[PDB]
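Given next are the chains, with one letter for each unit.
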Amino acid sequence: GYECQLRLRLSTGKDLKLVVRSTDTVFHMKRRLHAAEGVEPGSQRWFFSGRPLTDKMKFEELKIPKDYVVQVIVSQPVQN
């Protein structure tokens, strides 16, 4: 788990891949979901293949060079 690149599918069509490395995982990944994307509140619902991901998916998958994309859920485009 040295060079990991996971694609994030937010807003149901917001694909932006973050550069992660085993220590990152959906958690740190999420760290960016709020930083890189902007989803900081409870709008950070991690989901891959239709299932909720954990904070240890990156280093656990290792098969996410680019093809793998974790879909998130955020129903707050601009709050309110």
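Per the deposited record, determination of this structure is attributed to solution NMR.

So, about the side chain of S22. Within the secondary structure layout, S22 lies in the loop between strand 2 (14-20) and helix 1 (25-37). Polar contacts involving the side chain of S22 include one to the main-chain carbonyl oxygen of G1, which spans 3.2 Å. Here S22 is in contact with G1, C4, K56 and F59, once residues within four sequence places are set aside.

Counting 17 residues, the largest nonpolar core has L6, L8, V20, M29, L53, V70 and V72 as its most contacted members. For this core, the secondary-structure elements that each account for two or more residues are strand 1 (4-10), strand 2, helix 1 and strand 5 (69-73). Element by element, the count of residues in this core is highest for strand 1, at four residues. Not counting the four nearest positions on each side in its chain, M29 is found in contact with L6, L8, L18, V20, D24 and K58.

Moving on, we get to unusual backbone geometry. Backbone geometry places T12, a non-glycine residue, at a positive phi of 80°. Exposure remark for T12: the relative accessible area of 68% places this residue in the exposed category.

Turning our attention to the packing of aromatic side chains. As enumerated under the stated definition, the model contains one aromatic pair in all. On the basis of an interplanar angle of 15° and a centroid distance of 5.6 Å, the ring pair of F48 and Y68 is categorised as stacked. Residue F48 is found in strand 3 (residues 45-48), and its partner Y68 is found in the loop between helix 2 (58-61) and strand 5; the two are separated by 20 residues along the sequence. Taking the relative accessible area as the measure of exposure, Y68 reaches 25% and is therefore partly exposed.

Calculation rules
The residue numbers you see begin from 1 on each chain and track the sequence as written, which may not match the entry, and residues missing coordinates are not shown. The side-chain figures draw on all heavy atoms in the structure; neither hydrogens nor water molecules are used. Only DSSP runs of H or I covering at least 4 residues are called helices, and only runs of E covering at least 2 are called strands; the numbering of each starts at the N terminus. Pairing of N or O atoms within 3.5 Å defines a polar contact, subject to two protein rules: one partner must be a possible hydrogen donor and the other a possible acceptor, and residues neighboring in sequence count only if both atoms are side-chain atoms. Throughout, a residue-residue contact means that at least one pair of heavy atoms, one from each residue, lies within 4.5 Å. Joining through side-chain atoms within 4.5 Å is the link that ties buried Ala, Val, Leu, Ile, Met, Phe, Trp, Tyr and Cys residues into a set, and such a set is a nonpolar core. Burial classes: relative accessible area under 20% of the type maximum marks a residue as buried, over 50% as exposed, and values in between as partly exposed (1.4 Å probe, protein chains only). Stacked, edge-to-face and tilted labels apply to pairs of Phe, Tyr and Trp rings (six-membered ring for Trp) whose centres lie within 6.5 Å, assigned for plane angles under 30 degrees, over 60, and everything in between, in that order.

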